[PDB]
Structure formats: C-alpha cells, structure tokens
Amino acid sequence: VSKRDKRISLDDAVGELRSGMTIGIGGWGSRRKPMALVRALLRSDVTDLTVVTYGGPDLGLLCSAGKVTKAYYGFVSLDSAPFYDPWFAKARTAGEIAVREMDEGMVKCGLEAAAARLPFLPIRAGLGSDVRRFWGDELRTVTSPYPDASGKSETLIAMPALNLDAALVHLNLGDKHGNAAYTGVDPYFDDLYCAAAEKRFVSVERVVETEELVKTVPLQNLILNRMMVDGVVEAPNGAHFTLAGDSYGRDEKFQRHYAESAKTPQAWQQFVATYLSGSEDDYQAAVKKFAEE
C-alpha cells in the first residue's frame, strides 16, 4: 500500500482551477513567486479571479490578461527596479479591478483566521486608516468582552478570514506526497496560504525522496506536510524571474525586460509571443537565450 502520488503537470494543476475562484498566491513581491504556475494560468481560460497576495509580478501578469476581478493585498511591488508593477498600475488607473487593499499584517492575520477555521481575528492594524474606506462594510470591528484596566473596552478591527478556493506556492524541495521545504532566509507565508485554501498546489525546484528532503534541510524548514498539499509540480526555475532562496536570485535584467514590455502594444505582443504562448519549457528556453543576449 502507498501514500498518494500527487505529482502533476503545470497544466494539470491549472486544470483544477475554475473561473471565479478566490486564489491565494505565495511568495512576496518579487520573491519565490510560483511564476510557472502563473504562466500556466495565463495560457488557460481561467478568469474572473479574486486574488489574495503579497503582490508582485504574479498579480501584474494576471492583470495583463484581464483575469483579476478583485484583489486582496498588502502591497504590490517588484522589489527592485523598476519597483512598481506596470500592469497592476494600468489595471488600477483604468479601474479594471476592485481592491481590498489592507495593511501587510492584516493579510497574515486573515490567512491565520482561515487556517484556524475562524470567522475573524481581532487586530489593531487598519483602525484610523483608509483601509476602512477600501473595504467599507466588508470590514467591521469587534469589541473586547473584557475592558482594559482603565474600565474602557477596546474596539478592534475584526479581520475576516481569507478563505481561499486554491493556493499556489513555490518551494525549493519537496517529495511526491507534498512534504516540502524552503531554503534560504524566509518561508514567507506559503504554509498559511496552503492552510487557508481548499485546493493546494505546490511547485518545487526538484522532487526528491522523503528521506532526501528531511536530511537536506533542518526540521524547521519542513513547512508543508502532506495534509497541506493536493498537487506537486516539479518546476525547475519555476520561480523565474523572482528570487528563490538558496536556489537562485532574481533575474533583474529579465524583470526589467518584462516591465518595459508592458509600455507599448508592439512590445507586449512580442513578449507574449516569445515567452507566454508556449510551454514552460518554451519559456525557459527563451529566457536562457535572452540571458545570452
């Protein structure tokens, strides 16, 4: 008898997604984004998405394809030059997406609430700010049933659970059952995204044996167990062009090429035809040839 073999292709995983889903995307800004899974989304007809993210070029690419209806985020950033994602900017200034922009800590809190199957968690962040106006009646307060020592009761933001239909995350190593690890200095929040979601897809740089996984990294880096994953995709360089812990840094030159290509119809159509219209292997081959000028 055997544990479930969850290995699937990029297209297989996106084949499990549906238009109208709420999808959380892991990583942070231009850091360990599941970019291969995002490119597989772009090739599909899945659209009308509600996206929950610490936004980077994942959200930009989805906006470039008109696939985003509503976005929950703490920021959108490319981290390095040119810093602002041009497609998010275009979607925003055109009013093409509804936003529930929020404080960065509120994203973590919302995912924690969903992970614990709670309808809300209280938080100070958001009070007194225009986060209240971004959300309107979708963001309410909750009053402590215990007053403070002064006799006054605190009224806090009731951060609602960020329940997800699906989570897309990219990690450095994993086995075929969904045990997975990060390498490098930060897990970001990918464990929380998986715990907040119904369907969980993890791409990894390399699929290894379980025993190989657990002898390669410290215990503390094993941030996904089998209960947190539904499909495992082997995607070497699958975070390109974002950084990926100890595996590789950010492809800064290509990120600049991505951003500049958004500026004109001819440049973007060329970027689409060259990088976004074939397989992941086609993309990786084209990125390799770009690197060699």
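We number the residues from 1 along the sequence you see.
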Tell me which of 263-271 and 48-56 has the higher mean C-alpha B-factor in the deposited entry. 263-271
Looking at the entry, does 217-225 or 191-199 show the higher mean C-alpha B-factor? 217-225
Quick one: which of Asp130, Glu209, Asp186, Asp103 shows the highest Cα temperature factor in the PDB entry? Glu209
Between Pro122, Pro86, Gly178, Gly126, where does the Cα B-factor run highest in the record? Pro86
C-alpha B factor of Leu62, ranked within the chain: lowest, middle or highest third? lowest
Modelled-residue ranking by C-alpha temperature factor, third containing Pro34: lowest
If you rank the chain by CA B-factor, which third does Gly249 end up in: lowest, middle or highest? highest
Check where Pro236 lands among this chain's C-alpha B-factors and tell me if it's the lowest, middle or highest third. highest
Select lowest, middle or highest to describe the third in which the CA B-factor of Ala167 falls within its chain in this entry. lowest
